[PDB]
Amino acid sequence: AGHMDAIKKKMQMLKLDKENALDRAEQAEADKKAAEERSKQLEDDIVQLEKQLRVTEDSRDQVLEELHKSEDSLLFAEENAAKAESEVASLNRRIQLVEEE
């Protein structure tokens, strides 16, 4: 085995180390794309959830509107109750005065 045979042997072992370093570079570069692809997936996920949030919020705002119309119904019913009670008291005074004629 010549001087060059030995050098040959050592270049081969180094090339073997480099091939493994290269494998690791390729894994890492794959891992960078897998991560970037997922990050993108998830970022859209939140977009979708942000929109879903806005919906549930408009849908809530809508029950609130109905609530407000109902509260208004209630108050009008109270007003009407007092109006009729007043009318009944007025007719009772009138029947009393009529009876006394």
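Residue numbers here begin at 1 and follow the sequence given.
- With 6 to 14 and 75 to 83 compared on mean CA B-factor from the PDB entry, the stretch scoring higher is 6 to 14.
- For the segment pair 22 to 30 and 47 to 55, the entry gives 47 to 55 the higher mean B-factor, averaged over Cα atoms.
- Sorting the modelled residues of the chain by their CA temperature factor places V98 in the middle third.
- Among the modelled residues of the chain, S70 sits in the lowest third by CA temperature factor in this PDB entry.
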